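Only one chain is shown below, in structure tokens, and it's the form deposited in one PDB entry.
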């Protein structure tokens, strides 16, 4: 075995099953949702074209990395003549494969050079290096405009940032005047209309009246609901004690299985009359054998005791939280209201993405929800929801469904579709939860057919797609001219981070 230097991995570089080299132009960092937005949208392209320095580590340009990769292939190809003597025609296959990759890589190098030298009369590329807050090059914008599987969405945070860099968002709603368009640069000028305003002003009003968040654990909800029908003075005592206890057991059981069958229908058979060994839960058992309560105990203590004796502790294990419920007891500041408003808007945006990627609607949902009376209404229902501790996602889905037609939808969203949206929302929101700015996000679905791909933690397009567009078709691709279509013929737009085909020459050794 001879020591090869060709790496199994370079940035932006993917090799398919047929030994075609693809270069992937990055748009932003991330997998499905971009972590970069606004001010920082250009960061990946700056690096791809010019290199940069991140947290003290030098990141090299694509061109610089293709040159390094070329040297490495050339050294590997030199070493296969010498190797050739040890195996005249037993290293044949890998040599052909390496030369094929080399020729391709050389062509990409010429394309990057000719792009920067001949075809950047606009400075569309050079402004990545020179501009203050650079823009996406126009070819990237065109690729995004035309995408069928990736879409930007733009929201309305109170303290909005003017430097959005995704110009064709699918979802969009009215925004304030950014502080950065005001002479002091300190505060926005607010608008008193639209989805953003309604949410904020409903969730924490001019009054400063907090909105309570009454989210309980399943156990507390059930216990609280049962105890609704009792008063503090109520006891399990007197002549009818056995009968009052039975009433208690039955209400508690009905309430607990009602809540549980929402999530798991197996619990339709759950029973609180008996312990797991078949012992009757009755007065004598709880008071005189176990000694846990007595005639003077409050109804809440009896509930606790009943539950401790009959319910597996696996039934109390929680669901994963909604992003809507983060542990706070109240919405008690403008900042609390902004945070929730954004979460509501982001959910509407995910629903909008879902309907656009699955070809149900072309509408911008924000156009509908910015209008009265919808803006006020959805805000009001979300607020009620928090006060009741209700699930917030369905409140949004019902409102969508009651207006499906006006949102460009043939039919209401099915329960399955709602859950798919909720899951995307939850995962994408959590990835993005700590963003310094919430004005816009780019969201890509690499499991669908389209011009955007996922690769090495970058949301990307095909370099040749970009090249053809910035170049306006004036420089034909030659040997690479079918590479774009070849990547489309692949099974998934999600691309393996390593290049297996390069290691399968070392595996055979």
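Just so we're on the same page, rigid core means the largest C-alpha set that superposes within 1.5 Å between forms. Residue numbers count along the first chain shown, from 1.
The same protein has a further form, the form deposited in another entry, not shown here; the description that follows concerns it.
Checking 111, 395, 287, 213 for C-alpha shifts of 2 Å or more between this form and the one not shown, after the rigid core is superposed, gives a single hit: 287. Annotation for residue 174: C-alpha shift under 2 angstroms between this form and the one not shown, rigid core superposed. Core-superposed comparison between this form and the one not shown: the C-alpha position of residue 185 differs by less than 2 Å. When two forms of a protein are overlaid on their rigid core, residues whose CA moves 2 Å or more are considered shifted, and residue 373 is not one of them between this form and the one not shown.
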